[PDB]
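Written out below as structure tokens is the structure these notes cover.
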Amino acid sequence: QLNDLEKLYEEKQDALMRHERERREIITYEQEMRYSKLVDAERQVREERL
């Protein structure tokens, strides 16, 4: 009667984990990368030094 009972319980947990894996990748896309760009902002004393 219930060969399809399963799945739904994991779908909520799995969707969450997969999302979270990307959440971590996502903050890198901008926070870590802009922090890297911050280094450029710090580097870009270059023009002053030049």
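Cβ atoms come from the backbone with ideal geometry, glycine included; neighbour counts cover every protein chain shown. What follows draws every value from the coordinates through simple rules; no lab data is involved.
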Self-check item: Using alpha-carbon coordinates, inclination of helix 8-27 to the longest axis of the chain, degrees
Solution: 0 degrees
Quiz item: Considering the chain as a Gaussian network with a 10 Å cut-off on Cα pairs, which listed residue, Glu22, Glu32, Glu11, attains the greatest mean-square fluctuation?
Solution: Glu11
Quiz item: What does the charge count near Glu11 come to, summing +1 for each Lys or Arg and -1 for each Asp or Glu among other residues with Cβ under 13 Å from its Cβ?
Solution: -1
Self-check item: At 0.692 mPa s and 37 °C, Stokes D of the chain from Kirkwood alpha-carbon radius, µm² per second
Solution: 229 µm²/s
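Net charge near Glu32: determine it from the other residues with C-beta under 12 Å of the C-beta of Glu32, scoring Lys and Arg +1 and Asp and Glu -1.
In short, +1.
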Quiz item: What's the angle, to the nearest 10 degrees (0 to 90), between helix 33-43's Cα axis and the longest principal axis of the chain?
Solution: 10 degrees
Quiz item: What distance in nm separates the simple spin-label points at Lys37 and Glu22, each placed 7 Å from Cα in the Cβ direction?
Solution: 2.1 nm
